[PDB]
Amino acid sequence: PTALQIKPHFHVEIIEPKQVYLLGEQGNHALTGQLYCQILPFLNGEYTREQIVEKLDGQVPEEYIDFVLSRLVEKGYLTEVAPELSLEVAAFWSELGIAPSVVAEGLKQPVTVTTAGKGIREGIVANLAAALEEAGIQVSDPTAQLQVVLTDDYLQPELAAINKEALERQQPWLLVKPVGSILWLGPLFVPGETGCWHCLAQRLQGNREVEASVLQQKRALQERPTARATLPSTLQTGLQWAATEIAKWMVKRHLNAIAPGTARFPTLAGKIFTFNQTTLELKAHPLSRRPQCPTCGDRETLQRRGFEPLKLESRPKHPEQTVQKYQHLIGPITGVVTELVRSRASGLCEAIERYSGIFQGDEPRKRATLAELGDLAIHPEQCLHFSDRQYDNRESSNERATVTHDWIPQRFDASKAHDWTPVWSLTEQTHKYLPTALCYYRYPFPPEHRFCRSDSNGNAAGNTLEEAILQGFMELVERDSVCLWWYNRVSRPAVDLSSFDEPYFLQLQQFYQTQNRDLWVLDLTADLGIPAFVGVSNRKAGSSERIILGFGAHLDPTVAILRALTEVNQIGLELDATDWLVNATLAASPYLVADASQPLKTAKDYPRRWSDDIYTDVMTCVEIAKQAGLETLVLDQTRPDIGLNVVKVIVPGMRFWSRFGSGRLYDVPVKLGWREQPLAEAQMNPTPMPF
């Protein structure tokens, strides 16, 4: 004995001869047939199927009633009555696509309600307790299958203990912030399946840079934490919304116990919702479960990988689609990167890239002295190249530091022990060791002994390790080439653009003439032979030449040039710190002038060395550097939670802005016959730049 009805969220309207309409606030349906008009009056829940046959005795034979009833179940218009529920309520659950008969049993299980901070008044729990009772849910004192945790802040310290309890009890729990101008629901944490609270917290702490900083400064000071807007109406909204959601999750829980994957409607599982009361904005923030989560995952993950050998494969060459792939990382709570991003998928990769570099604590390392590590170790000076002068004058020079670059660090104390991170030598196929402080952003030093500032030179991302490695390697040769030129102020040959098989170069050049601008490309290729170029554009008239520079390096010189022009273009577009743009002149800047005593570079002056494989090109690159007497090192910074590959390529010896130690910077010009004698440190280009 079990009555049947057209789902209670439909208003049935029968238009006699042959029409029936099912009207619902989130969807309508029509049925066509004289049979439907004759049966549906009895599908109001007041009749069991045995009993519908009685009423249509002379009208419709049983067998056709059965068939029509089966049609309606298959079409999802028919459900078993739920006597123990309002139609109002039954309708809600049926509007969700669920047998309301099932619901009473799903909700009869108990739920417990608790607080995390000290910032939740006693009555607020009682309030929620009431709403849940009114929704048909058992509540008890902390057996329970859901623990609801009311807090005023998701970084409340107490949650760490609570998270552990729930992990070791395998017990779902739900966070709710009902106080404040923005209401937060979830995540509903489910120990086998979702992230833990610590998955959330290492991300959220990353989006409270300030609040962390104040706390630190407050603790330093010590012995020698928040406020909250709340109308009763907003409080009550949040609690009531939560009750709705808890209900939904318990019904889902139930259906799925019975039939795994049967219930598809959305719940708070692994999700946060924020409802802003001042700006009426609703937003979803998805919690990712972090594979390397120290609490609920494998902390040693990166430690392990760092000491395993690097594994590179073939990568033949067979968008804004990227932004979808890494969408779940864009956000103020749940995300690692914020805003819209920073086409823009370029600034997204770079933001994600920079984040990956930030030292979390799990990174591979060994505490040892330089001596202990022996030849596998690399002295940081082999990568920084600050002159002895720079260091000794570091104090006076540092006070005035024009730029973030011109911070001279402190000298490395080799005699002391340090964290050393393993990095893969492609050139020698072994690990070597670089100090961890050079390898990751924000490595925590002892205060005084800051021996470096991490820098992003050689850092790079890609959808594969090999794409990233070539990116980072070319970023390196671009800056080593620009440094050799800029600082030695070297007169360089220009490039016949027509000779290249790219109609765009000459076209863009010409276009600049209509916009009151000249444009040459100088050749910055140095002893690696890898094509490197500057684009020099100056204004034609006006009282300031406004010289804009743009760089590029690639195996294919055409690619390299295109990048240089693109950079000039992006800068040029922005314009309309320093005073280069006001003061610099070709007339007073010989190194910006093409060497007339040397012929123009054509397409034919660049021996081709790039191939269909990116692996091949990496290894081409490595060999080239070995030819120069340089070891190509790589460090994978990729994070399992993020997915996008991030590397730091390191080629010790290769030169970066603002560092004047002995090395290539002086020797290469001479070795290449740009000079009889090396230049002196005091004669290095004192103009600050480029860009």
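Residues carry their position along the shown sequence, with the first being 1.
In the deposited sequence, the stretch from residue 576 to residue 577 hides 10 or more residues that have no coordinates.
The modelled chain breaks between residue 142 and residue 143, where 10 or more residues of the deposited sequence lack coordinates. Averaged over CA atoms, B-factors in the entry run higher in 252 to 260 than in the other of 252 to 260 and 189 to 197.
For the pair 652 to 660 and 48 to 56, the mean B factor over Cα atoms is greater in 48 to 56. In this entry, the residue among 153, 419, 362, 313 with the greatest C-alpha B factor is 313. In this structure the maximum Cα B-factor among 520, 443, 424, 355 is found at 520. The PDB entry assigns residue 319 a C-alpha temperature factor belonging to the highest third of its chain's modelled residues.
Among the modelled residues of its chain, residue 6 has a C-alpha B-factor that falls in the lowest third, as given in the PDB entry. When the modelled residues of the chain are ordered by their C-alpha B factor, residue 28 lands in the lowest third. For residue 429, the recorded CA B-factor ranks within the highest third of the chain. Only modelled residues enter the ranking. In the deposited entry, the Cα temperature factor of residue 567 sits in the top third of values across the chain's modelled residues.
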